[PDB]
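Just the one chain here, laid out as structure tokens, in the form deposited in one PDB entry.
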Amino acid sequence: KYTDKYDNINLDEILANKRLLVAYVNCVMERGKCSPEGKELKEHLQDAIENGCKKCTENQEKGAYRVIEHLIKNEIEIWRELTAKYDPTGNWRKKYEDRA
């Protein structure tokens, strides 16, 4: 499994604060520096997409759905950029949008 050492991160505060959210977005989109957490996400995001979170902790799976639903509803443009870069064949795009 991926490490659980950052699993207590406060996702609600990241989603509530645009400056914070965009810092992570810029890290993963390679246009900004990465915090230790952001870096750990950037290094495992493609793998997780390729195997449907096979190595994710329960908290990470829960967290992913939370963040993805927020991006789809409130930052559609950021969702489009992320899904296109990290999921180019669209393995999960329609699935998450349908759930959202």
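Numbers follow the displayed sequence, beginning with 1. Here, rigid core means the biggest group of C-alpha atoms that superpose within 1.5 Å across both forms.
Although not depicted, the form deposited in another entry is the subject of the following passage.
J.: For a quick test of reading the superposition: does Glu40 move by 2 Å or more at the CA between this form and the one not shown, rigid core aligned?
T.: Yes: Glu40 shifts by at least 2 Å between this form and the one not shown.
J.: Superposed on the rigid core, does the Cα of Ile72 end up 2 angstroms or more away between this form and the one not shown?
T.: Stays below the 2 Å threshold, so no.
J.: Core-aligned, is the CA shift for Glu58 between this form and the one not shown 2 angstroms or more?
T.: Shift of 2 Å or more: no.
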